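Student: these chains are from a complex, not moved at all, and more is on the way:
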Amino acid sequence: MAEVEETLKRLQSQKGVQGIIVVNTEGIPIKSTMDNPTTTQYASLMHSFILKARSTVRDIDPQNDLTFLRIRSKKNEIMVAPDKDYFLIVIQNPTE
């Protein structure tokens, strides 16, 4: 938990970050700064993102693994990837 808190501090301290969400293996948002309705949705939505893309990646090759999933949108970029036992979600302005 502290790990995410250490990164959230610098993120929320810098300009560009819109909010950081953290979901556990159970699916519950252990921590989040986004909106109420925006967090609850992102929790499952994001969690399902890596879950869906994962089953697909397996088709890309026999021996593969997921460790990064970005999606540059029109509003902002939300970084999401599989962690030890949780799903990190970093939302902020676009970089591309």
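Tutor: Looks like it arrived, so ask away. Numbers count the residues shown, from 1 in each chain, chains lettered A, B, ... in the order given.

Student: so residue A:45 sits in a strand?
Tutor: No - following the definition DSSP: H, G, I helix; E, B strand; the rest coil, residue A:45 is helix and is not counted among the residues of a strand.

Student: Look at it and say how many residues are nearby.
Tutor: When neighbours are defined as other CB atoms under 10 Å, residue A:45 has 14 of them. C-beta: built from backbone N, CA, C; applies to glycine.

Student: Likewise for residue A:46?
Tutor: Residue A:46 is flanked by 22 other residues according to other CB under 10 Å.

Student: Checking the residue of chain A positioned farthest from its centre next. Helix, strand or coil?
Tutor: Summary for chain A: using CA atoms, centre = their mean, the residue whose C-alpha lies farthest from the chain's mean C-alpha position is residue A:62, with a distance of 25.3 Å. Under the three-state scheme (three-state DSSP), the conformation of residue A:62 reads as coil.

Student: while you're at it, add chain B from this line:
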Amino acid sequence: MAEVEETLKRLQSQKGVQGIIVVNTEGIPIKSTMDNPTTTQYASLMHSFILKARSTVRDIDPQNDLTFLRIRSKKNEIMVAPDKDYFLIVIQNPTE
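Tutor: If we add chain B to the chains shown above, we get the following:
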């Protein structure tokens, strides 16, 4: 089409590139450098990939549109995004 072809030559000319594929909205790989079975599979799950995320993003909000899909793997990084009427896919070694 030519645009993608111009970028393919340079890519195939440089190291790192594993293989580039060019699929349309219908599902026909106008261009491909990978293997026979490797192309069909890639172009197969390709359309299924965008259709998967595009279906999820709809939950994030009403007004939006994906324009970048990157997935860092263990074998290589596969980046794909929506084009004029096709889906460009650049496969090569990892960058980050």
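
Student: quick recheck of the neighbour count of residue A:45 now chain B is there?
Tutor: For residue A:45, the tally of surrounding residues (other CB atoms under 10 Å in any protein chain shown) stands at 19.

Student: Repeat that for residue A:65.
Tutor: A total of 13 residues lie near residue A:65 under the criterion other CB under 10 Å.

Student: Can you tell me the element the residue most central in space within chain A falls in?
Tutor: Closest residue to the average C-alpha location of chain A: residue A:89 at 2.3 Å, with CA atoms, centre = their mean. Remark: residue A:89 resides in strand A:86-92, with elements defined by DSSP states H and E.

Student: Partner strands of that strand and their direction?
Tutor: Sheet pairing for strand A:86-92, assigned by DSSP bridges, gives strand A:17-24 (antiparallel), strand A:77-82 (antiparallel).

Student: Can you give the contact residues for it?
Tutor: Contacts made with strand A:86-92 from outside it, assessed by CB atoms under 8 Å, 6 or more residues apart in numbering or on different chains, are listed as A:4, A:11, A:16-25, A:30, A:34, A:42, A:46-47, A:50, A:76-81.
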